[PDB]
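Enquirer: Got a structure for you, written out below as structure tokens; questions coming shortly.
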Amino acid sequence: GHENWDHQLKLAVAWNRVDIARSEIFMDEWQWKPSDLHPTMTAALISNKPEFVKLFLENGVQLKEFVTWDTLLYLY
Amino acid sequence: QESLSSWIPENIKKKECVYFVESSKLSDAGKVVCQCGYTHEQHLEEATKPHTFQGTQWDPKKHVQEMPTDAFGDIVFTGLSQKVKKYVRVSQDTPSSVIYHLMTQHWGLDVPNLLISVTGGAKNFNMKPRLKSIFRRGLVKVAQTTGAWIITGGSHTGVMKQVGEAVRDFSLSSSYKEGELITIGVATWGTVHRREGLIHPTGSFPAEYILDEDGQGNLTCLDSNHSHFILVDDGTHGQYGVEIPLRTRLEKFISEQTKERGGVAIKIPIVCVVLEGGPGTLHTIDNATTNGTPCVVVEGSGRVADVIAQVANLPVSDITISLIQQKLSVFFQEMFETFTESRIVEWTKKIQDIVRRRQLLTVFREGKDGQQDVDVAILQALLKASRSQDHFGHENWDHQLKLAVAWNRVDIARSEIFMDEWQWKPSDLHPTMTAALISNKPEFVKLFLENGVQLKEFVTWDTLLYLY
Amino acid sequence: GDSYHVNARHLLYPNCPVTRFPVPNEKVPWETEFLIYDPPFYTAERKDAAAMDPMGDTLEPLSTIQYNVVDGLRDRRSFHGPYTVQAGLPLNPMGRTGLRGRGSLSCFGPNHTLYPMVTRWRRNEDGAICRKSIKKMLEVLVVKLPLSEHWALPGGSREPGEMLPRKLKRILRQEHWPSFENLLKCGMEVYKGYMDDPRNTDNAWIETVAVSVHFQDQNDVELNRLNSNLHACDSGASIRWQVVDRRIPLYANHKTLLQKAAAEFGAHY
């Protein structure tokens, strides 16, 4: 499956740098859908890295569709 | 909004089959298929009747009928955006004036200054990144600053994908007038994947449409970045190419309307730009440039574009069939064995007839020479094609100036219209100056004053009364 | 990029702490002169036992079975051709392996095994075949062993003839229905002959048969009863269907069979 593409993104967000992810992870050849970004966005939101939040918003994640009840309870 | 939902089914029709003639070839799990096999045991949603005749080989001229349209309205993609996109289903043959009256009045689009018809290969492909960024930036630049329509197939594959990508990049920018980029998409209603959720009569103004790549058969799904959708319908499920005989008629009808602003009036110019392409795209290029429309090909990233890019400078009759045979074998190299020798004679004839007319055809020459940007290449190609058009007198030079002032940009006019070779006298600028004065463009006023128009000689009594 | 058995030439023979001789790409075949070739003779400790050939020390004249011919219960004859014999020992028909002896294999020469593959199309929710950019998708049934760390094809050593499916699938399929799938085992073949493997010495190598039973209709027929012949949990971890891809996580040389299998149907890669 395509879990390797999720794994590369988790690696790029575990390191702090964002130039790699916009440089070659989000180049092409994945056809990701924005529901498949909701885990790592959470990890980008807790550890206070706003650059990855801006990058995920530029690839179109919907904040109204993202903040559920349980995700909010987990964030608190 | 209620007037639109009244007006649309009163004017536009759709097609449907009424006669069940079960076809021989069983479909992929769709063995009940009556030569259209749409959704029943029959190719029908009507009375499955003998229809007083067992007419075998159900002719579409004899079988299908027209009815009012039940599929119009507005759409929104489930979970990809929040904007709404208008869409309609039309029949195979509606008069283009009806569609034009729909697009101007009810959807609320102004008359465009330019009509760009991008075409290319349906299959997916890739290109170099520098060429990709240059092409995307130039296309969004010219379509934003000109006030132009972009018309193409509205499917998710191929060239039709990539242009939509460029539009999404403008949605990343969204500096001012986000509704300026208006792209329409013409697609076949029969080959749309999850289209069954759209069919709701009397208006479907919220219409959630999901999509899934690879969760579909030979039929395809729509693109998501296009702004309006027109789905032509014949009444056939598995058929391609029904969109082509309406798209050309619509383009030729739009390219004859006259837009009048200020004092001046022009006819809307039309250009076609091609990408990677295939076999039929070359025939489409030839059929377009026979009528006098210009054409701009892109050097690089072409299974059929790079052929014309390489052969563009060799003279006529220098091209031989062995030359095109080795070019086809080096560039295609996959279907190149599959091509017969009875069609490369056809392709020599077509390419000789294309490169014969050195005026309308224009290669891009990416990077090497004349590679300022994409937009100035398209505009220079359009002006060069309008220049070589025949004329009794110097009214063509007036026409190029009226075209350059209808578009907002002034760099073109000072760049090449006022270069040399006209010997204009300043009394021949008084109409367009008026049109530059009403629509509040001071740059053209400064340019006309630099070429020496006398304001004391310009403002008559009647010109003043017309200005008020 | 000459096609040599690079998995057999791979250093450090499995589960036995010995190395093989360095055999470069020039001196692989027997026709090439290679003077410094000193392969250490190594066999398994359980290679001198029962059923399997006791020729681990075959300098003794105990090596007396018929070569390139069916010598009774051991059909010691290659699918590729008549293998040459030196000192009563077979030489590898593809080239030098850098290690002499019986290895962990059963008998000398070839060791005939059988690899069946079950192929079906990949359906969507509606029931049409899914597609790549041009080609289609194929689904194969694959077994994960609990102590292998690799998904592998359900094929075993062909120590019996028609119970070699059962020898592969005693843990997998059934016992009663295993005769029924054995009737269904008469299908189409893809490849037969020498197979690369890290357990290849200069004397004992592996040859196989690749039969390919295919399911055209994805509703019932053989597909429902083969799913109904699931007596799966006997001595294995898990079995499941799996979509074909180049990045299919599998055992190494099994993917060479599938790259030859998709050509017989036109899948993607």
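Going from the start of the chain as shown, residues are counted 1 onward.
Every residue, even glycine, has its Cβ placed from backbone N, Cα and C.
Heads up, here are the entries from Swiss-Prot:
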BINDING   B:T119, B:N124, B:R247, B:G278, B:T281  ADP-D-ribose 1 binding site
Enquirer: For the ADP-D-ribose 1 binding residues given in the record (B:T119, B:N124, B:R247, B:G278, B:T281), what is the largest pairwise C-alpha separation in angstrom?
Expert: 22
Enquirer: List, in sequence order, the same-chain residues at least six positions removed whose CB sits under 8 Å from that of B:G278 (ADP-D-ribose 1 binding site)?
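Expert: Expected: B:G121, B:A122, B:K123, B:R303, B:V304.
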Enquirer: Taking Cβ distances under 8 Å as the criterion, give the subset of the binding-site residues B:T119, B:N124, B:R247, B:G278, B:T281 near chain C, ordered by sequence.
Expert: B:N124
Enquirer: Under 8 Å between C-beta atoms and at least six apart in sequence, can you list the same-chain neighbours of B:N124 (ADP-D-ribose 1 binding site), or say none if there are none?
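Expert: Sequence-distant Cβ neighbours: B:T157, B:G158, B:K161.
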Enquirer: Reduced to three states, what secondary structure does DSSP give B:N124 (ADP-D-ribose 1 binding site)?
Expert: coil
